[PDB]
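The structure appears right after this line, and notes come after that.
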Amino acid sequence: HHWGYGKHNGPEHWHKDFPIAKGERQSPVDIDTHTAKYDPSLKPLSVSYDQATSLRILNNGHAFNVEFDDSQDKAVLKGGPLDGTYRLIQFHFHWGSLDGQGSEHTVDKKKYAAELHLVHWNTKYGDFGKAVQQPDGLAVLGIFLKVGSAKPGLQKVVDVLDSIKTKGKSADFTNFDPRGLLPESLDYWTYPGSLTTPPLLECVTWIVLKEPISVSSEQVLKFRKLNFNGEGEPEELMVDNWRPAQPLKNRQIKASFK
Ligand SMILES: [Co+2]
């Protein structure tokens, strides 16, 4: 019926409705650190989020998105392996039912507790919808979360979750600064890939940060309290909303560092 992460509609069944699931440039992948090639020609990433305008938070039934105003060049990503400017449209997470799983990308087969995705679209395409039809339409920054110390900058997000518990709920969410979610180092890995949920379009340049951020157990615990279901439907906790690693095929992972 419609896709999800359960036994009957989970990642292993997505190919029936979205044949691109068995495509040549699917994500996520396992990052083999000894095989990634250092590329001295990659430029440092440039993150300009000081003018970011958040608008809302929404439970879409598969995760929660914080949405931003992308009508102008307010929060952009450039440099790194990118050509042109990419505007932030939304961020969301993928997490597990336990601390030993949750990330989409793995590092030398290591799974993290969760993974943050900051989604950006190439301004040359004019809107998000046109950008998803192009091989270079999106740029996603992926950041791993491990459990340790609490992340101060994440608390405002944790605290509104109660108000968007079930599918379709939303809440005003203004003045959130996504700079509070970045690790200290911007060193990264990059490879060409796809969105990790249907429609699984291969339009993404992934930028995966080497340094994870830490969150406390209590913070991640609040994520696991969300629901996949709509209000008044039987309760299915929103956990394990991650897709397993896909074959690398004909692709090379490049590193911005050694
Ligand atoms: Co994602």
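Chain identifiers are assigned as A, B, and so on, following the order in which chains appear in the structure tokens; residues are numbered from 1 within each chain, and ligands are numbered from 1 in order of appearance.
Using only C-alpha atoms, the residues found no farther than 6 Å from residue 64 in chain A, other than those of its own chain fewer than 4 positions away, are residues 58, 59 and 92 of chain A.
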Prev. selection, C-alpha atoms, output as an mmCIF file, in the first residue's frame:
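Everything below was put into selection-v3.cif:
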```cif
data_model
loop_
_atom_site.group_PDB
_atom_site.id
_atom_site.type_symbol
_atom_site.label_atom_id
_atom_site.label_comp_id
_atom_site.auth_asym_id
_atom_site.auth_seq_id
_atom_site.Cartn_x
_atom_site.Cartn_y
_atom_site.Cartn_z
ATOM 1 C CA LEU A 58 5.855 19.247 10.370
ATOM 2 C CA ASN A 59 5.292 15.539 10.995
ATOM 3 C CA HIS A 92 15.111 16.336 8.951
#
```
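Within range 23-190 of chain A, the backbone-based DSSP assignment of alpha helix (DSSP H) covers residues 128, 129, 130, 131, 155, 156, 157, 158, 159 and 160 of chain A.
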With the cut-off set at 8 Å and counting only C-alpha atoms and all ligand atoms, tabulate each residue of chain A with an atom at most that distance from an atom of ligand 1, showing the nearest atom pair and its distance in Å to one decimal, ordered by chain and increasing number, as a tab-separated table.
```
residue	atom	partner	partner_atom_place_in_ligand_line	distance
A:92	CA	ligand 1	1 (Co)	6.2
A:93	CA	ligand 1	1 (Co)	6.2
A:94	CA	ligand 1	1 (Co)	6.4
A:115	CA	ligand 1	1 (Co)	7.8
A:116	CA	ligand 1	1 (Co)	7.1
A:117	CA	ligand 1	1 (Co)	5.1
A:195	CA	ligand 1	1 (Co)	6.9
A:196	CA	ligand 1	1 (Co)	5.8
A:197	CA	ligand 1	1 (Co)	7.1
```
Problem set entry | Contacts of residue 2 in chain A within 10 Å, only C-alpha atoms, excl. fewer than 4 positions in-chain, as a VMD selection string | chain A and resid 8 to 10 14 17
Write the residues of the preceding selection, restricted to N, CA, C and O atoms, as a PDB file, in the first residue's frame.
```
ATOM      1  N   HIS A   8       5.872  -4.961   5.849  1.00  0.00           N
ATOM      2  CA  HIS A   8       5.167  -5.131   4.560  1.00  0.00           C
ATOM      3  C   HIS A   8       5.309  -4.022   3.550  1.00  0.00           C
ATOM      4  O   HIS A   8       4.944  -4.230   2.379  1.00  0.00           O
ATOM      5  N   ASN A   9       5.885  -2.890   3.928  1.00  0.00           N
ATOM      6  CA  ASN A   9       6.003  -1.740   3.036  1.00  0.00           C
ATOM      7  C   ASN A   9       7.372  -1.055   3.124  1.00  0.00           C
ATOM      8  O   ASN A   9       7.483   0.064   2.561  1.00  0.00           O
ATOM      9  N   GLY A  10       8.286  -1.720   3.770  1.00  0.00           N
ATOM     10  CA  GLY A  10       9.653  -1.281   4.040  1.00  0.00           C
ATOM     11  C   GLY A  10      10.578  -1.187   2.839  1.00  0.00           C
ATOM     12  O   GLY A  10      10.196  -1.523   1.716  1.00  0.00           O
ATOM     13  N   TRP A  14      10.205  -1.133  -1.857  1.00  0.00           N
ATOM     14  CA  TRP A  14      10.061   0.123  -2.598  1.00  0.00           C
ATOM     15  C   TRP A  14      10.215   0.025  -4.109  1.00  0.00           C
ATOM     16  O   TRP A  14       9.540   0.793  -4.831  1.00  0.00           O
ATOM     17  N   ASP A  17       7.016   0.061  -6.555  1.00  0.00           N
ATOM     18  CA  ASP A  17       6.392   1.313  -6.976  1.00  0.00           C
ATOM     19  C   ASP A  17       7.436   2.291  -7.523  1.00  0.00           C
ATOM     20  O   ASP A  17       6.980   3.175  -8.265  1.00  0.00           O
TER      21      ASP A  17
END
```
For this session: Please report, as a count of residues only, each residue of range 92-242 of chain A to which DSSP assigns strand (DSSP E or B) when run on this structure's backbone.
Result: 46
Problem set entry | Contact residues around residue 4 in chain A with only C-alpha atoms at 12 Å, ignoring same-chain residues under 3 positions, as JSON, numbers by chain | {"A": [1, 7, 8, 9, 10, 11, 12, 13, 14, 60, 61, 62, 63, 196, 197, 198, 228, 229, 236, 238, 239, 240, 241, 242, 243]}
For this session: Would you kindly return, as a ChimeraX atom specification, each protein, DNA or RNA residue with an atom no farther than 8 Å from any atom of residue 175 in chain A, considering only C-alpha atoms and excluding same-chain residues fewer than 2 positions away?
Result: /A:53-55,173,177
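Residue neighbourhood of residue 187 in chain A, excluding near-sequence residues (fewer than 4 positions): residues 44, 45, 80, 183, 207, 208, 209, 210, 211, 255, 256, 257 and 258 of chain A, at 10 Å, using only C-alpha atoms.
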Residue selection dump (C-alpha atoms) as a compact mmCIF listing (two decimals), in the first residue's frame:
```
# COMPACT_ATOMS: atom_id res chain seq x y z
CA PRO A 44 36.38 24.10 1.42
CA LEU A 45 32.64 24.12 1.97
CA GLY A 80 33.14 22.01 -1.78
CA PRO A 183 30.27 20.18 14.20
CA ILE A 207 28.30 15.98 1.42
CA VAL A 208 28.85 13.76 4.50
CA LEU A 209 30.70 15.38 7.42
CA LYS A 210 33.47 13.39 9.05
CA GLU A 211 32.89 14.71 12.60
CA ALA A 255 37.56 13.02 0.63
CA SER A 256 38.33 16.66 1.33
CA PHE A 257 41.01 15.61 3.84
CA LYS A 258 43.73 13.08 4.52
```
Problem set entry | Atomic separation - CA of residue 82 in chain A relative to CA of residue 203 in chain A, Å | 13.0 Å
Non-local contacts of residue 32 in chain A (12 Å; only C-alpha atoms; under 5 positions in same chain excluded) as a PDB file with C-alpha atoms, in the first residue's frame:
```
ATOM      1  CA  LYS A  37      40.377   9.124  -2.521  1.00  0.00           C
ATOM      2  CA  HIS A 105      25.332   6.268   5.778  1.00  0.00           C
ATOM      3  CA  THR A 106      27.809   4.088   7.698  1.00  0.00           C
ATOM      4  CA  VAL A 107      31.559   4.630   8.150  1.00  0.00           C
ATOM      5  CA  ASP A 108      33.613   1.429   7.758  1.00  0.00           C
ATOM      6  CA  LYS A 109      30.316  -0.319   8.603  1.00  0.00           C
ATOM      7  CA  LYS A 110      29.790   1.720  11.825  1.00  0.00           C
ATOM      8  CA  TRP A 189      33.316  12.897   1.986  1.00  0.00           C
ATOM      9  CA  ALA A 245      23.287   0.958   2.567  1.00  0.00           C
ATOM     10  CA  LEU A 248      28.307   1.682  -4.653  1.00  0.00           C
ATOM     11  CA  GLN A 252      34.042   6.849  -6.224  1.00  0.00           C
ATOM     12  CA  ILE A 253      33.850   8.482  -2.795  1.00  0.00           C
ATOM     13  CA  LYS A 254      36.162  11.527  -2.592  1.00  0.00           C
ATOM     14  CA  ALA A 255      37.560  13.022   0.630  1.00  0.00           C
TER      15      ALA A 255
END
```
Exercise. Using only C-alpha atoms, which residue out of A:129, A:212, A:178, A:192 lies closest to residue 142 in chain A?
Worked result: A:212
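Proximity of A:38, A:86, A:3, A:176 to residue 57 in chain A, computed with only C-alpha atoms, is greatest for A:176.
Straight-line separation from CA of residue 170 in chain A to CA of residue 125 in chain A: 27.9 Å.
The residue that comes closest to residue 139 in chain A, out of A:34, A:120, A:179, A:169 and on the basis of only C-alpha atoms, is A:120.
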Exercise. Which one is closest to residue 200 in chain A: A:133, A:155, A:149, A:122? Count only C-alpha atoms.
Worked result: A:133
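Closest approach to residue 194 in chain A among A:47, A:66, A:237, A:138: A:138, based on only C-alpha atoms.
Here CA of residue 190 in chain A is placed at a distance of 26.2 Å from CA of residue 69 in chain A.
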